[PDB]
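Here is the naming used below: chain letters follow the sequence lines, and residue numbers restart at 1 for every chain. Every heavy atom of this structure was used, including side-chain atoms; hydrogens, water molecules and symmetry mates were not.
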Amino acid sequence: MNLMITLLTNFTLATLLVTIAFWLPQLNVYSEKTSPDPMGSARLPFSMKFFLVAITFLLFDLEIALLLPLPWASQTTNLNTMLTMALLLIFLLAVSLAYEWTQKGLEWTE
Amino acid sequence: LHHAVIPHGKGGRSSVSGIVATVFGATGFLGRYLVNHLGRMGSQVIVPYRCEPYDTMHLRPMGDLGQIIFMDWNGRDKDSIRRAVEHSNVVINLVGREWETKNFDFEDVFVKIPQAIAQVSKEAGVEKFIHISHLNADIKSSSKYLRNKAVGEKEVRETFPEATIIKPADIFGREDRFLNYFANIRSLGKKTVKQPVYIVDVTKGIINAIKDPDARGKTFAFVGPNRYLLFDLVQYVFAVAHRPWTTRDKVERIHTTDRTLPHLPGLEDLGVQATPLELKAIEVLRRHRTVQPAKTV
Ligand SMILES: NC(=O)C1=CN([C@@H]2O[C@H](COP(=O)(O)OP(=O)(O)OC[C@H]3O[C@@H](n4cnc5c(N)ncnc54)[C@H](OP(=O)(O)O)[C@@H]3O)[C@@H](O)[C@H]2O)C=CC1
């Protein structure tokens, strides 16, 4: 309840500041501006490499999502199994990184 | 004729036109293009300004060095008017407000200030005086604007008998408040008929009225070439601008039809051909973008 009040207060302060930034200098009666970029009007060329680094982020972030219960998982009684599976998850993240390396996936954004 | 005011050159920027012009209200919309067309001939343009000097900066590249003299003035100070016009051989008046303010109403802006400018310009020996009225100026008009402008026109005519008084209909242009009014209104359509005149045609008419000696004592009606109804005009504005601050005096003047005065000369008797709306409306309304032409009568 305190957190919802805090979030609402921060959103209200941000919206108030954004409204003051978008409406206080509108009251200036300066002048109408007649006829208000490196590429002129060409279409945006699709970069395969930006999409590749985004999907590599998504997959390694999923592996991070598997790694996130480890400070709680160190408290278990089956520690040999836990340690094996934790090292196996970080090892499979490293194998994902090594395969991303050696098949030229980390290139021109290395 | 004095030796310094004899014209010289080929009519360019460094030339001499022999036009020593005091443009009252040069900081506005007509004065912008008027000071442009005067200073590009090489004319001594005196700009009396009321506003901040920053708001006069655009007038400064409009002529050669020393060919625009800025100076302060007040509408209720005849000494400042005499200080501005005592060397000029032509005085143009362009003082106007679409809205009345706390310190100036339509009676101050259209009656008192033009009569003061014309009286002081008469008693200072100014050769030529130009007054700018509106086409629909009438004593029995519905709007206070046109009533006080008819009163001020009568006073200018009776205190400067050779005053070239000019009647524009509805001046459109880039910094206008006619097509930019209609493109930013997002009032309605009635039986109101308008023929709007283009601002460069008005400026060429004013300067040819300076250059014609026969334009002294005349009264011109600067009208456009095509008469439009109000409704299809507004629909053409919203068609070019790619679209699906006001007072009731402006509402009365937009629904006031542009009258026809055939007994008065127009743009053609000064040698100016009127530029139609469709050749310039794209140029005006290109700024409002994020076309079948209008029906004439
Ligand atoms: N569509 C049009 O523009 C048409 C205009 N007219 C007439 O032509 C004239 C000029 O028009 P326009 O340029 O468009 O109008 P503007 O309002 O744009 O310009 C008026 C000028 O006069 C000055 N001024 C206004 N009020 C005062 C005052 N009380 N004391 C001193 N100076 C003052 C302004 O200076 P500042 O910036 O300091 O206030 C400005 O330089 C007006 O008389 C108008 O009625 C006629 C037909 C059509």
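Taking OG1 of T34(A) as the reference point, atom CD of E175(B) lies at 6.5 Å (rounded to 0.5 Å). Between the CD atom in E283(B) and the OG atom in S35(A) there is a gap of 9.0 Å [rounded to 0.5 Å].
Annotation: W99(B), atom CH2; neighbour count of heavy atoms from other residues, nucleotides and ligands within 6.0 Å is above 12. For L7(A), the CG atom sits in a packed shell: over 12 heavy atoms of surrounding residues, nucleotides or ligands are nearer than 6.0 Å. Dense packing is recorded around CE of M57(B), with more than 12 heavy atoms of other residues, nucleotides or ligands lying under 6.0 Å away. The neighbour count for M85(A) CE, taken as heavy atoms of other residues, nucleotides or ligands under 6.0 Å away, does not exceed 12.
The shortest side-chain heavy-atom distance between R174(B) and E32(A) does not fall under the 4.5 Å cut-off.
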